[PDB]
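Shown here is one chain on its own, the form deposited in one PDB entry, set out as structure tokens.
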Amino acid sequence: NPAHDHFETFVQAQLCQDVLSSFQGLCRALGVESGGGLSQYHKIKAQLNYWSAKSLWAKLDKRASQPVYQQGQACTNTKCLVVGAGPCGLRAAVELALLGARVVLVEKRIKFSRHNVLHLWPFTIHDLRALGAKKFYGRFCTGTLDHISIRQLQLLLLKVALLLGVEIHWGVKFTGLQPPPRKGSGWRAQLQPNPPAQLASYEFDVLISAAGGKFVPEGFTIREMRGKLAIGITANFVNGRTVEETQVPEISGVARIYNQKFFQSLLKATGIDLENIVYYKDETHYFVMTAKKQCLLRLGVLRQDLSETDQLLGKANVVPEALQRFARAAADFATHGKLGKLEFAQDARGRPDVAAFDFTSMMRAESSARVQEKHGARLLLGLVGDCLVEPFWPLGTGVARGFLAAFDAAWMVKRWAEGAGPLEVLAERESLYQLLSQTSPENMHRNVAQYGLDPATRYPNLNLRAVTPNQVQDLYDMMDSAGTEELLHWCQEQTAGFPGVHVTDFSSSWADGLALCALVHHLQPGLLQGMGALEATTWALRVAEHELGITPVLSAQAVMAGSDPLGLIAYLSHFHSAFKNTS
């Protein structure tokens, strides 16, 4: 039987190319075209009615039938480009596809090559337990196992995303946005190496960027923040799965709070000074440690004391042989030798798998979402995963906060598909974003099994109006109400003839306060240089109030920052209302 011979190969595939190989071999044996969407998910399960595999269809159909998605129609008029086939990219891709949306994902690499091990919060375990991971990965969180290697997380999620009919492409980097030439024309992706001509023509109205710690799309800004110099070191050793190795208790890291006698012993015993060390028993014996610069220099792990941290941990300044020595001795002391002699696993390049990372930064994007609109054509952009907020690896928030963000973005595209105003969608979304960087299992909802896209199911005492529509206008970039153009033409008419006033808009035009003075001076002749925009703005607001009867809608600061156009429009409307030509 050809059918689910393929399907068993597909399920147990450990290599990206083979998952891909298998699926399109399963598809051919079924008359199903790969790239989906749900319609092709349907014909797959409806033509493969074999035991052991039904367990999986039950799990997926269980999630697929829960009200939020309705029945894959919530987002049928929604077309997405998802960037990044990382875990958060795939996890979000699955939600979009379950929502019924057309999901096309682009990934720059062609293999899952990372072997570092991620901590999984209890809810993510449930979440992907119920996506059928146990079947795609036998060792998935067996017993009290709390973690999963990056590439295994990807092998799972890929298989789920493929099944659900996500059109995925490999070996193609999203470079930027190629905007609409004209109404009716949509947004497209700039891709490279320049894609096939149908991907090239693919027009979308939602972009979800899950591209990892170093790539955010245009217009998204990054708030950088740096703590004390902090050097992270990960390492993977061959885990032979002998009974002896299997008994070595793993090290959680929370012991740095409860146990510092250890770090003293480590230091005395090896000359190694760590701030923390973590050990997970996974496909490899995984260690991540945090080290003091002084310590790494003294041990010849780093060649020279370099001030620019990116050059401090550049290839030229990291001594491979000494780093290996360093990691080996630390791993060995911490597990008291019970792992036997440690042999480095290979990384994907084929090197002893040990690397140093900058752990100093606390990056967050300023917002989780924005909306661009040109020639009436709207594009919702949503951040997910490491690119949104950077995880502190020793504390294991990466998967969980990436997943929370992926649910919040799918929830966002649901509002977007309901027809909500861009400001409303953004405000709601930024209200959720606010909570992300302080989430813990402890301050979240207790019942992880009842978790769904609805943020209420996840965040206790949820305030969906923490950020208001007025506070996210700079997130809505309208670079393309007919009463606004009346107001504008009228405002321009009033302030005409003033040296260095040129009313052009309802933000930057009015920022230095001279526009306001002109308006007032014009409206009441005979009242009253180089004081700042602050004094100009202020006089105008006081004089408007007392002479013209119009109280301030915006503060002076808000006039100068120009980030509240709607409120300036409402201010100005009072002047026009008060002094319209006639009735």
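The term rigid core refers to the maximal set of C-alpha atoms that superpose within 1.5 Å between the two forms. Throughout, we count residues from 1 along the sequence that is shown.
Heads up, the form deposited in another entry isn't pictured, but that's what we're talking about next.
**Q** Given a rigid core superposition of the two forms, which one of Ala345, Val467, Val318, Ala255 has its CA shift by 2 angstroms or more between this form and the one not shown?
**A** By this measure, the answer is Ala255.
**Q** Once everything's superposed on the core, is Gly497 shifted 2 Å or more at the Cα between this form and the one not shown?
**A** Yes, the C-alpha position differs by at least 2 Å between this form and the one not shown.
**Q** If the two forms are fitted on the core, does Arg542 show a Cα displacement reaching 2 angstroms between this form and the one not shown?
**A** Superposed on the core, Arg542 moves its C-alpha 2 Å or more between this form and the one not shown.
**Q** For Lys59, does the CA position differ by 2 Å or more between this form and the one not shown when the superposition is done on the rigid core?
**A** Comparing forms between this form and the one not shown, the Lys59 CA shifts below 2 Å.
**Q** Hey, the CA atoms of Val254 and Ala327 end up closer or farther in that other deposited form than in the shown form, with the change being 3 Å or more?
**A** Those two alpha carbons end up closer in that other deposited form.
**Q** Between the shown chain and the other structure, the Cα gap of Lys338 to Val254 differs by 3 Å or more. Is it closer or farther in that other deposited form?
**A** Residues converge in that other deposited form, at least 3 Å closer.
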